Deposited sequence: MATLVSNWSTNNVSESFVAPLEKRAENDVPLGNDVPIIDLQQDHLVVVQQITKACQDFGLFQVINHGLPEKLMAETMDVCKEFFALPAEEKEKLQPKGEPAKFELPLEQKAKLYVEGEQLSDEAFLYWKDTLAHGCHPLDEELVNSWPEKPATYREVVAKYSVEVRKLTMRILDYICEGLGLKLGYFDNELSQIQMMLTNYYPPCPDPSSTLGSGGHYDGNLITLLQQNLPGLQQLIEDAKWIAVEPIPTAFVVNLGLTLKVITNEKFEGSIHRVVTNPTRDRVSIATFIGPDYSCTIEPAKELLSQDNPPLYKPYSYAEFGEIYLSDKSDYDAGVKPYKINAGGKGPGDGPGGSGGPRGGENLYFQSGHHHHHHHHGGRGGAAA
């Protein structure tokens, strides 16, 4: 690998990361109250859990993964149509909702992630948005339209379980706090030296909540002990974001996680990031505050948070450090 992709010594993955046997696998077809309670325990203690029997068609999951892998198999001449000015876009504001290929890294010891990313908005689905999506493969738009609607449906169910668990009214997040739905498809090609590379560096998701679909190993969670998140192809991995951490006044944990590279086989993952518009104000939910539970963050601009989050990776919570109070 070129030196571009060489991570700093302290950020490199150990070669023998154990399976996380205490990662909660939550069956959404249990009784309502049991689902609320198990989800609540997972959010308070871990911030990362898998959902099964989640009501999203397994057939559609397999079809979306097929069309995403078909996309990354396309020749250079097709992929160039998604590279503004002949190169991949950067994860910086303004973050546009039209489909683009992205490159990602850290600017500390500057290095690149061993990863290609397709990203686009998904909400609301209109003709203009879908017309900005990939033209090839032919089925991408119709498959990923159905997927994004279904994934949102599931995400809003999970948020309402979360509302019940916290004692917030149902629909608390069904507003400006869940307005942006970015779908990222990540392609990790084989890496000849996995010891010095990362598919994705350690991070909280900056948004509210993320659903991640995987069928191969590579996802790891920090619990300074890293563990491997068992890939269940028919499950979704639920990652609680830094925004939900702030809004719950740290009653919920955020998921700190990373992706390691593989020397022999490639990997494709699908991540749906739901969260606020860049115009939102984020603060601890007033309904939960008291003299016993005083706010640990002052109100802040999501845009202003966005800029720090995407640029400064000196600390996992660099984005929210300026707004910490008490």
query	finding
Segments lacking C-alpha coordinates (deposited sequence numbering, starting at 1)	1 to 12, 121 to 122, 238 to 239, 343 to 385
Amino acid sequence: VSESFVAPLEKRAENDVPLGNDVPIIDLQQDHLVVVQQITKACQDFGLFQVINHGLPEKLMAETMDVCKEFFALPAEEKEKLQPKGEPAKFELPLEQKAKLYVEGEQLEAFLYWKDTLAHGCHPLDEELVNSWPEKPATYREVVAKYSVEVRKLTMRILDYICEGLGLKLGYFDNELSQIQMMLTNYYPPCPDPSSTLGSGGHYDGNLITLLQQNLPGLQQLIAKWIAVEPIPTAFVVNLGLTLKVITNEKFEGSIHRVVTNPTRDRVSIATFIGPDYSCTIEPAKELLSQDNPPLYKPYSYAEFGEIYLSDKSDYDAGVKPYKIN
From here on, numbers count along this sequence of modelled residues.
item: Mean temperature factor over C-alpha atoms, higher-scoring stretch between 284 to 292 and 41 to 49; value: 284 to 292
item: Mean Cα B-factor comparison, 224 to 232 or 238 to 246, giving the higher one as deposited; value: 224 to 232
item: Residue selected from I256, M182, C163, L125 by maximal Cα B factor; value: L125
item: From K169, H120, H203, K81, residue of greatest CA B-factor; value: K169
item: Entry-reported Cα temperature factor of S132, expressed as the chain third it lands in; value: highest
item: Third of the chain, ranked by Cα B-factor, where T139 sits; value: middle
item: Third of the chain, ranked by Cα B-factor, where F111 sits; value: highest
item: Among modelled residues of the same chain, the CA temperature factor third for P263; value: highest
item: Cα B factor band for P189 (lowest, middle or highest third within the chain); value: middle
